[PDB]
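First comes the structure, then the notes that go with it.
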Amino acid sequence: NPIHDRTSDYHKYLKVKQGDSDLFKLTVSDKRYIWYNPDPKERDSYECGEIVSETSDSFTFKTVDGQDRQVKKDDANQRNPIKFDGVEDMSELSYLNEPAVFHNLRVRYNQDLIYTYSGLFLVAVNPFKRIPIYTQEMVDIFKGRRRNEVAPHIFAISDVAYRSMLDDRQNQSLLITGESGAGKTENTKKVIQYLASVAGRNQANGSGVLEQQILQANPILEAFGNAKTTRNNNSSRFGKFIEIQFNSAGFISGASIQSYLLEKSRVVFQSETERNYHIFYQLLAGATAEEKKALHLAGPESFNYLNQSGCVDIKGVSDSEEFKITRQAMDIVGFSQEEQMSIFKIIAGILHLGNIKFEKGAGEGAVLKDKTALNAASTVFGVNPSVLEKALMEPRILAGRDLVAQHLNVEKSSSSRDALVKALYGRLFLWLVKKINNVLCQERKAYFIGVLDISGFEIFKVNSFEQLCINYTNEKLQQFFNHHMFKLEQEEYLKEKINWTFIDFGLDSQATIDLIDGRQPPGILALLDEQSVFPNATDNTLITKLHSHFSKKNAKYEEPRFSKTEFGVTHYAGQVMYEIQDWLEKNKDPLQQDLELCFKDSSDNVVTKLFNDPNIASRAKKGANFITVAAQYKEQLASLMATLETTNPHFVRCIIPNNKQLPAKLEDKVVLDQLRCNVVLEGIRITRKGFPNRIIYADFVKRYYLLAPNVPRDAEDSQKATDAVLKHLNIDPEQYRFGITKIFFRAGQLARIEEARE
């Protein structure tokens, strides 16, 4: 069934399926109605009442329940001629506030249509349901086709990103970012595929190795990288730019993925209904009774690095076999049949490491009573016992010009193997990516398409040092948009002639950023660094200094009234509240060189290659030694942004619909909560007052021609044929400036013409 019309794979759960009847009876608009919030107590969940008033100073209307209270034309959220229901790019709206769009966004959803537009902004709200909208024909309907000629889709920004490059020959970016719970993992999970097939190399159906050797390189990532939390069954657990290259003709060539921040904590600790990195269960749950004692696990329940928080009982999908997939994916993108055993040789020495119970030493001196965990735990990494344990409880500190063997009590031996138990996962993994990257990795690399998988503003009263870094990058981003989409009105003003009494809008947030990473005048990250320099620092000081530098001195910083262990910043979207605690330690990630020394050698080319390579056990030795997680997280985002700033971008946003994994309900308590969370609506409502239902430009020929006698169809050209109409009828010229070449009906000056049906 040819792609044209209605009745197939596409129109059904993809395209709003237009009707088999042709004329303007699909609907007809008159009168008006306003959105509103029945209860003056709740700022969510509005309603719909008919206007009866048109006050000059005020505005008034009807209601369902009795009340008939009034509302300033300015605080009123209007409702559109219900002729726009599932309108594909929302700019086409006439009136826009919120309710007016959690509405257009729901109908777009009632019909199971996750994808939508905001001019430049694709909104995509995760369904949780299974909706075939990806199959191989969803592809051949897109390839080589224009955003106009097809309903919205990930496959509809994912090609554009490709074609523009081919022709508007320039490196290209895709930026996907959403509240973690948003499925932004699958979105990316498709751009790669889609591209991979159109620039997919075979005759008409196939792809020879490379293009595939790639597809299986996420299973690795998802296997360790992704993990399952209250918010999902499989949470993108980490940030990364997976990013890919081609040769000039058009055929895909390379890939290079760089990752960063991970909940390295998800190893030692997880909570209610939570589990671990899946590598961990399929590990035990999947190894033939053979290798299971080849290293000795027996019970996964038997383990406490896994048998703590409730649900390890592994909901829905089967994993026993998912193993044959990941393990089937590593030595397919080529992973040795011998060494990739070590991965395992490792994932378990970790496990035995979360099983030892250093018990208060008689008097003091904390010590383990008996030992087989550790004996075993050492017997895969291959590291002598009177060594491993000794650096652990008895680590050699250096007081001045002499250095000795302190004996830890529990209070601290307790958290050592805790902190060393991430140093490996955090580590193995980083290098583990280091591998496959460096063969999908490319050389001259003519062009590239990088795609960005980053998070939204993680805002919670429990946010700490981490919450900042990700939120520092986010701010860093919404200028890239605001500034980029700024230079938009740049060309815009070379073809509508003379330009707007203008904003010259610059960073309204160079400010906030400057407060974080400001050199001089310094910022949070400066003092963080500045003090991380020695011990007699008691985060107590850390905050005391801050309120001195900042408090009553920076528009974005606020000092709490009664609370003292914490403060608050005023980010792009409202305030954030960071508490301090171990920021001073979390800033280093310390670990005794009594231990490296114990693991910097072994039997094993990798746990040697882990604490033996300078780009895996270290960071560039600057200012005499290691630079801090704060300084670095600066060195690398900027580099990232640097790159971004030289490529064309396309932003995609992932809206989480509800908090219990429920496909079906779609609660305004959340969606809305974030709609504002992104500059999606306010992205224009503020920005494009000036040109309304930005058409395919100035095309007054047979598209809309029912006006009685005077405004015809094709006079001489696609521009003029009736102009002396608003200068005349309705009101004046103002609505439309008159650029020599282009012009725009400012719809916003309509109240004398276009509301009835004929």
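Just so we're on the same page: first chain in the structure tokens is A, next is B, and so on; residues restart at 1 for each chain, and ligands are numbered from 1 in the order they show up.
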
| request: Please identify which residues in stretch 168-349 of chain A DSSP calls strand (DSSP E or B) from the backbone, and express them as a VMD selection string. | output: chain A and resid 172 to 178 227 235 238 to 246 252 to 262 277

If we count only C-alpha atoms, what is near residue A:431 at a cut-off of 10 Å, once residues fewer than 2 positions away on the same chain are taken out, given as an mmCIF file with N, CA and C atoms, in the first residue's frame?
data_model
loop_
_atom_site.group_PDB
_atom_site.id
_atom_site.type_symbol
_atom_site.label_atom_id
_atom_site.label_comp_id
_atom_site.auth_asym_id
_atom_site.auth_seq_id
_atom_site.Cartn_x
_atom_site.Cartn_y
_atom_site.Cartn_z
ATOM 1 N N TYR A 425 34.623 -0.389 39.881
ATOM 2 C CA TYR A 425 33.502 -0.322 38.977
ATOM 3 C C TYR A 425 33.638 0.978 38.240
ATOM 4 N N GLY A 426 33.612 2.078 38.972
ATOM 5 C CA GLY A 426 33.872 3.363 38.373
ATOM 6 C C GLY A 426 35.007 3.218 37.385
ATOM 7 N N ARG A 427 36.065 2.522 37.787
ATOM 8 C CA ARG A 427 37.258 2.391 36.951
ATOM 9 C C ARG A 427 37.146 1.410 35.776
ATOM 10 N N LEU A 428 36.824 0.154 36.071
ATOM 11 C CA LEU A 428 36.916 -0.919 35.098
ATOM 12 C C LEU A 428 36.130 -0.283 33.990
ATOM 13 N N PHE A 429 34.852 -0.071 34.280
ATOM 14 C CA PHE A 429 33.907 0.491 33.325
ATOM 15 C C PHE A 429 34.462 1.628 32.466
ATOM 16 N N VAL A 433 34.824 1.048 28.576
ATOM 17 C CA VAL A 433 34.442 1.833 27.419
ATOM 18 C C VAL A 433 35.725 2.171 26.670
ATOM 19 N N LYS A 434 36.791 2.516 27.384
ATOM 20 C CA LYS A 434 38.025 2.916 26.711
ATOM 21 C C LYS A 434 38.360 1.978 25.568
ATOM 22 N N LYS A 435 37.948 0.718 25.657
ATOM 23 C CA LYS A 435 38.313 -0.274 24.636
ATOM 24 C C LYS A 435 37.601 -0.193 23.268
ATOM 25 N N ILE A 436 36.295 -0.452 23.298
ATOM 26 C CA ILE A 436 35.497 -0.576 22.090
ATOM 27 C C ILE A 436 35.480 0.763 21.398
ATOM 28 N N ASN A 437 35.562 1.815 22.201
ATOM 29 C CA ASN A 437 35.659 3.148 21.658
ATOM 30 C C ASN A 437 36.824 3.278 20.696
ATOM 31 N N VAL A 606 44.747 -6.587 33.260
ATOM 32 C CA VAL A 606 43.856 -5.435 33.400
ATOM 33 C C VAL A 606 43.712 -4.651 34.682
ATOM 34 N N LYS A 609 46.388 -2.979 34.330
ATOM 35 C CA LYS A 609 46.087 -1.987 33.313
ATOM 36 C C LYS A 609 45.040 -1.005 33.850
ATOM 37 N N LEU A 610 44.513 -1.270 35.034
ATOM 38 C CA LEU A 610 43.585 -0.332 35.658
ATOM 39 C C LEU A 610 44.231 0.703 36.559
ATOM 40 N N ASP A 613 47.647 2.472 33.917
ATOM 41 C CA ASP A 613 47.601 3.461 32.856
ATOM 42 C C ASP A 613 47.271 4.817 33.470
ATOM 43 N N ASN A 615 45.761 7.378 32.204
ATOM 44 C CA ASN A 615 44.525 7.994 31.763
ATOM 45 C C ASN A 615 43.354 7.201 32.306
ATOM 46 N N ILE A 616 43.657 6.305 33.239
ATOM 47 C CA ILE A 616 42.636 5.480 33.869
ATOM 48 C C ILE A 616 42.692 5.442 35.382
ATOM 49 N N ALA A 617 43.848 5.799 35.928
ATOM 50 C CA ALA A 617 44.072 5.741 37.364
ATOM 51 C C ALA A 617 44.312 7.180 37.824
#

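With atom CA of residue A:346 on one side and atom CA of residue A:386 on the other, the separation reads 19.8 Å.
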
| query | Between A:246, A:323, A:241, A:493, which one has atoms that come closest to residue A:643, using only C-alpha atoms? | reply | A:241

With stretch 530-546 of chain A as the partner and 12 Å as the cut-off, tabulate the residues of stretch 617-723 of chain A that qualify, each row holding the nearest pair of atoms and their distance in Å to one decimal, using only C-alpha atoms, sorted by chain and rising number, as CSV.
residue,atom,partner,partner_atom,distance
A:623,CA,A:533,CA,11.5
A:625,CA,A:533,CA,11.2
A:626,CA,A:533,CA,11.1
A:627,CA,A:532,CA,10.5
A:628,CA,A:532,CA,8.4
A:629,CA,A:532,CA,10.6
A:630,CA,A:532,CA,10.2
A:631,CA,A:530,CA,10.7

| Excluding same-chain residues fewer than 6 positions from residue A:521, what lies within 10 Å of it counting only C-alpha atoms, as a ChimeraX atom specification? | /A:514-515,549

| task | Go ahead and compute the interatomic distance for atom CA of residue A:255 and atom CA of residue A:133, in Å to one decimal. | result |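 Atom-to-atom, atom CA of residue A:255 and atom CA of residue A:133 are spaced 26.0 Å apart.
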
| Could you write out, as a PyMOL selection string, all the residues of stretch 235-321 of chain A that DSSP marks as helix (DSSP H, G or I)? | chain A and resi 264-266+279-286+289-294

Write to file, as a PDB file, in the first residue's frame, the residues of the selection just made, with N, CA and C atoms.
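Output contents, as saved in selection29.pdb:
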ATOM      1  N   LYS A 264      28.125   5.997  40.948  1.00  0.00           N
ATOM      2  CA  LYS A 264      29.109   5.044  41.441  1.00  0.00           C
ATOM      3  C   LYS A 264      28.692   4.541  42.818  1.00  0.00           C
ATOM      4  N   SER A 265      27.745   5.246  43.434  1.00  0.00           N
ATOM      5  CA  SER A 265      27.141   4.826  44.691  1.00  0.00           C
ATOM      6  C   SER A 265      26.169   3.650  44.511  1.00  0.00           C
ATOM      7  N   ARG A 266      25.663   3.477  43.303  1.00  0.00           N
ATOM      8  CA  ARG A 266      24.674   2.445  43.116  1.00  0.00           C
ATOM      9  C   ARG A 266      25.288   1.092  43.334  1.00  0.00           C
ATOM     10  N   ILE A 279      24.550  -6.069  35.219  1.00  0.00           N
ATOM     11  CA  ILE A 279      25.728  -6.877  34.988  1.00  0.00           C
ATOM     12  C   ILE A 279      25.827  -7.792  36.197  1.00  0.00           C
ATOM     13  N   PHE A 280      25.391  -7.296  37.350  1.00  0.00           N
ATOM     14  CA  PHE A 280      25.468  -8.035  38.599  1.00  0.00           C
ATOM     15  C   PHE A 280      24.627  -9.265  38.846  1.00  0.00           C
ATOM     16  N   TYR A 281      23.423  -9.286  38.290  1.00  0.00           N
ATOM     17  CA  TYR A 281      22.517 -10.421  38.442  1.00  0.00           C
ATOM     18  C   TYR A 281      22.719 -11.419  37.322  1.00  0.00           C
ATOM     19  N   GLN A 282      22.730 -10.929  36.089  1.00  0.00           N
ATOM     20  CA  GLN A 282      22.933 -11.815  34.969  1.00  0.00           C
ATOM     21  C   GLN A 282      24.274 -12.452  35.146  1.00  0.00           C
ATOM     22  N   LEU A 283      25.118 -11.794  35.916  1.00  0.00           N
ATOM     23  CA  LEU A 283      26.397 -12.381  36.229  1.00  0.00           C
ATOM     24  C   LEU A 283      26.190 -13.726  36.921  1.00  0.00           C
ATOM     25  N   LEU A 284      25.612 -13.706  38.124  1.00  0.00           N
ATOM     26  CA  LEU A 284      25.346 -14.924  38.899  1.00  0.00           C
ATOM     27  C   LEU A 284      24.226 -15.755  38.274  1.00  0.00           C
ATOM     28  N   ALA A 285      23.117 -15.071  37.989  1.00  0.00           N
ATOM     29  CA  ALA A 285      21.911 -15.666  37.432  1.00  0.00           C
ATOM     30  C   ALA A 285      22.100 -16.321  36.067  1.00  0.00           C
ATOM     31  N   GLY A 286      23.244 -16.044  35.447  1.00  0.00           N
ATOM     32  CA  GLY A 286      23.534 -16.563  34.123  1.00  0.00           C
ATOM     33  C   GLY A 286      24.738 -17.434  33.818  1.00  0.00           C
ATOM     34  N   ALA A 289      26.709 -23.494  35.904  1.00  0.00           N
ATOM     35  CA  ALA A 289      27.126 -23.937  37.221  1.00  0.00           C
ATOM     36  C   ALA A 289      28.649 -24.065  37.149  1.00  0.00           C
ATOM     37  N   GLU A 290      29.191 -24.026  35.938  1.00  0.00           N
ATOM     38  CA  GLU A 290      30.634 -24.150  35.733  1.00  0.00           C
ATOM     39  C   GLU A 290      31.493 -23.021  36.324  1.00  0.00           C
ATOM     40  N   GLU A 291      31.324 -21.806  35.809  1.00  0.00           N
ATOM     41  CA  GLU A 291      32.223 -20.695  36.114  1.00  0.00           C
ATOM     42  C   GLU A 291      31.792 -20.139  37.488  1.00  0.00           C
ATOM     43  N   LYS A 292      30.535 -20.390  37.861  1.00  0.00           N
ATOM     44  CA  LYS A 292      29.960 -19.980  39.155  1.00  0.00           C
ATOM     45  C   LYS A 292      30.826 -20.278  40.386  1.00  0.00           C
ATOM     46  N   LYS A 293      31.524 -21.399  40.366  1.00  0.00           N
ATOM     47  CA  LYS A 293      32.453 -21.663  41.437  1.00  0.00           C
ATOM     48  C   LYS A 293      33.873 -21.635  40.910  1.00  0.00           C
ATOM     49  N   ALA A 294      34.009 -21.501  39.594  1.00  0.00           N
ATOM     50  CA  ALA A 294      35.318 -21.280  39.003  1.00  0.00           C
ATOM     51  C   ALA A 294      35.891 -20.079  39.737  1.00  0.00           C
TER      52      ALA A 294
END

| message | Considering only C-alpha atoms, can you say which of A:141, A:719, A:397, A:698 comes closest to residue A:1? | response |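 Of all the options, A:141 lies closest to residue A:1.
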
| field | Within 8 Å of stretch 212-227 of chain A using only C-alpha atoms, minus same-chain residues under 6 positions, as a list in words | value |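 So the residues in contact are residues 192, 193, 233, 234, 235, 236, 237, 238, 255, 262, 275, 276, 277, 278, 279, 325, 326, 329, 330, 332, 333, 429, 433, 436 and 440 of chain A.
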
Write a file of the just-selected residues containing N, CA, C and O atoms, as an mmCIF file, in the first residue's frame.
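As a result, again_19.cif now contains:
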data_model
loop_
_atom_site.group_PDB
_atom_site.id
_atom_site.type_symbol
_atom_site.label_atom_id
_atom_site.label_comp_id
_atom_site.auth_asym_id
_atom_site.auth_seq_id
_atom_site.Cartn_x
_atom_site.Cartn_y
_atom_site.Cartn_z
ATOM 1 N N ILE A 192 20.753 6.321 16.025
ATOM 2 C CA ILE A 192 21.859 5.488 15.610
ATOM 3 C C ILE A 192 21.395 4.468 14.597
ATOM 4 O O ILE A 192 21.945 4.371 13.515
ATOM 5 N N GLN A 193 20.366 3.715 14.934
ATOM 6 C CA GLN A 193 19.771 2.815 13.960
ATOM 7 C C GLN A 193 19.295 3.414 12.658
ATOM 8 O O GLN A 193 19.607 2.920 11.595
ATOM 9 N N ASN A 233 12.487 0.605 34.866
ATOM 10 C CA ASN A 233 13.002 -0.751 34.940
ATOM 11 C C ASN A 233 14.428 -0.744 34.419
ATOM 12 O O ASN A 233 15.225 -1.631 34.725
ATOM 13 N N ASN A 234 14.738 0.279 33.629
ATOM 14 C CA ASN A 234 16.084 0.478 33.126
ATOM 15 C C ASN A 234 16.475 1.942 32.880
ATOM 16 O O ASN A 234 16.224 2.503 31.809
ATOM 17 N N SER A 235 17.068 2.556 33.903
ATOM 18 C CA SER A 235 17.402 3.973 33.897
ATOM 19 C C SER A 235 18.725 4.256 33.221
ATOM 20 O O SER A 235 19.747 3.665 33.568
ATOM 21 N N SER A 236 18.695 5.154 32.242
ATOM 22 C CA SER A 236 19.915 5.731 31.722
ATOM 23 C C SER A 236 20.528 6.159 33.029
ATOM 24 O O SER A 236 19.929 6.932 33.769
ATOM 25 N N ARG A 237 21.699 5.615 33.338
ATOM 26 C CA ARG A 237 22.317 5.829 34.638
ATOM 27 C C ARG A 237 23.508 6.772 34.532
ATOM 28 O O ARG A 237 24.179 7.039 35.535
ATOM 29 N N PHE A 238 23.764 7.274 33.324
ATOM 30 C CA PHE A 238 24.984 8.028 33.043
ATOM 31 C C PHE A 238 24.894 8.883 31.790
ATOM 32 O O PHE A 238 24.082 8.631 30.893
ATOM 33 N N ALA A 255 32.733 5.956 15.120
ATOM 34 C CA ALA A 255 32.036 6.215 16.385
ATOM 35 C C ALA A 255 32.997 6.479 17.540
ATOM 36 O O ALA A 255 34.088 5.924 17.603
ATOM 37 N N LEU A 262 28.183 8.975 36.914
ATOM 38 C CA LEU A 262 27.515 7.711 37.024
ATOM 39 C C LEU A 262 27.210 7.746 38.500
ATOM 40 O O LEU A 262 27.845 8.485 39.230
ATOM 41 N N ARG A 275 17.379 -1.976 42.716
ATOM 42 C CA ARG A 275 18.376 -3.042 42.536
ATOM 43 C C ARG A 275 19.719 -2.462 42.105
ATOM 44 O O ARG A 275 20.000 -1.295 42.384
ATOM 45 N N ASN A 276 20.548 -3.259 41.427
ATOM 46 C CA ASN A 276 21.916 -2.828 41.071
ATOM 47 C C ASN A 276 22.135 -2.661 39.568
ATOM 48 O O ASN A 276 21.202 -2.418 38.814
ATOM 49 N N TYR A 277 23.389 -2.769 39.141
ATOM 50 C CA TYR A 277 23.724 -2.694 37.725
ATOM 51 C C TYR A 277 23.463 -4.152 37.351
ATOM 52 O O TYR A 277 23.877 -5.061 38.066
ATOM 53 N N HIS A 278 22.778 -4.348 36.221
ATOM 54 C CA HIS A 278 22.248 -5.644 35.776
ATOM 55 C C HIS A 278 23.382 -6.614 35.525
ATOM 56 O O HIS A 278 23.198 -7.828 35.577
ATOM 57 N N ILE A 279 24.550 -6.069 35.219
ATOM 58 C CA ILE A 279 25.728 -6.877 34.988
ATOM 59 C C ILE A 279 25.827 -7.792 36.197
ATOM 60 O O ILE A 279 26.282 -8.921 36.082
ATOM 61 N N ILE A 325 23.110 -12.572 25.560
ATOM 62 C CA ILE A 325 23.083 -11.386 24.715
ATOM 63 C C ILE A 325 24.228 -10.381 24.880
ATOM 64 O O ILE A 325 24.882 -10.007 23.906
ATOM 65 N N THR A 326 24.463 -9.952 26.118
ATOM 66 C CA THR A 326 25.571 -9.080 26.415
ATOM 67 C C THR A 326 26.878 -9.821 26.209
ATOM 68 O O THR A 326 27.753 -9.353 25.505
ATOM 69 N N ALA A 329 27.565 -10.113 22.890
ATOM 70 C CA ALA A 329 27.754 -8.832 22.205
ATOM 71 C C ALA A 329 29.186 -8.310 22.310
ATOM 72 O O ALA A 329 29.683 -7.625 21.420
ATOM 73 N N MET A 330 29.852 -8.628 23.405
ATOM 74 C CA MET A 330 31.227 -8.220 23.557
ATOM 75 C C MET A 330 32.247 -8.851 22.611
ATOM 76 O O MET A 330 33.078 -8.150 22.021
ATOM 77 N N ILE A 332 31.539 -10.001 19.915
ATOM 78 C CA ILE A 332 31.017 -9.776 18.568
ATOM 79 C C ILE A 332 31.500 -8.436 18.052
ATOM 80 O O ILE A 332 31.839 -8.305 16.874
ATOM 81 N N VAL A 333 31.516 -7.434 18.929
ATOM 82 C CA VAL A 333 32.246 -6.207 18.627
ATOM 83 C C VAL A 333 33.680 -6.492 19.041
ATOM 84 O O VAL A 333 34.516 -5.590 19.224
ATOM 85 N N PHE A 429 34.852 -0.071 34.280
ATOM 86 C CA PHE A 429 33.907 0.491 33.325
ATOM 87 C C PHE A 429 34.462 1.628 32.466
ATOM 88 O O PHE A 429 34.238 1.649 31.257
ATOM 89 N N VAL A 433 34.824 1.048 28.576
ATOM 90 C CA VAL A 433 34.442 1.833 27.419
ATOM 91 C C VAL A 433 35.725 2.171 26.670
ATOM 92 O O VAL A 433 35.757 2.108 25.455
ATOM 93 N N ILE A 436 36.295 -0.452 23.298
ATOM 94 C CA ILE A 436 35.497 -0.576 22.090
ATOM 95 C C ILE A 436 35.480 0.763 21.398
ATOM 96 O O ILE A 436 35.404 0.849 20.173
ATOM 97 N N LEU A 440 36.027 1.526 17.203
ATOM 98 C CA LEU A 440 34.989 2.197 16.444
ATOM 99 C C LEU A 440 35.545 3.612 16.225
ATOM 100 O O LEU A 440 34.933 4.434 15.541
#

| request: Fewer than 6 positions away in the same chain doesn't count, so skip those; otherwise give me all residues within 7 Å of residue A:360, counting only C-alpha atoms, as a list in words. | output: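 The contact residues come out as residues 366, 367, 409 and 410 of chain A.
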
Would you put the residues from that selection into a file with N, CA, C and O atoms, as a PDB file, in the first residue's frame?
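Written file, out.pdb:
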ATOM      1  N   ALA A 366      39.718  -2.329  64.992  1.00  0.00           N
ATOM      2  CA  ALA A 366      38.539  -2.988  64.439  1.00  0.00           C
ATOM      3  C   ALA A 366      39.178  -4.116  63.631  1.00  0.00           C
ATOM      4  O   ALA A 366      40.229  -3.935  63.014  1.00  0.00           O
ATOM      5  N   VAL A 367      38.533  -5.279  63.638  1.00  0.00           N
ATOM      6  CA  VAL A 367      39.007  -6.436  62.891  1.00  0.00           C
ATOM      7  C   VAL A 367      37.931  -7.467  62.565  1.00  0.00           C
ATOM      8  O   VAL A 367      36.977  -7.638  63.318  1.00  0.00           O
ATOM      9  N   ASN A 409      39.732   1.822  63.291  1.00  0.00           N
ATOM     10  CA  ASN A 409      38.613   1.236  63.976  1.00  0.00           C
ATOM     11  C   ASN A 409      37.589   0.975  62.903  1.00  0.00           C
ATOM     12  O   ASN A 409      37.849   1.219  61.724  1.00  0.00           O
ATOM     13  N   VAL A 410      36.425   0.483  63.302  1.00  0.00           N
ATOM     14  CA  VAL A 410      35.377   0.230  62.332  1.00  0.00           C
ATOM     15  C   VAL A 410      34.874   1.487  61.652  1.00  0.00           C
ATOM     16  O   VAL A 410      34.685   1.504  60.430  1.00  0.00           O
TER      17      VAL A 410
END

| Spatial neighbours of stretch 472-484 of chain A, 9 Å, only C-alpha atoms, chain gap at least 2 places, as a PyMOL selection string | chain A and resi 454-457+467-470+486-488+505-510+512-513+516-517+571-572+637-638+641+644-645+649+651+679+683

| Using only C-alpha atoms, which residue out of A:195, A:175, A:403, A:350 lies closest to residue A:379? |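 Using only C-alpha atoms, residue A:379 sits closest to A:350.
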
| task | Please provide as a PyMOL selection string all residues within 10 Å of residue A:605, with the sequence filter that same-chain residues fewer than 6 positions apart are discarded (counting only C-alpha atoms). | result | chain A and resi 339+342+612
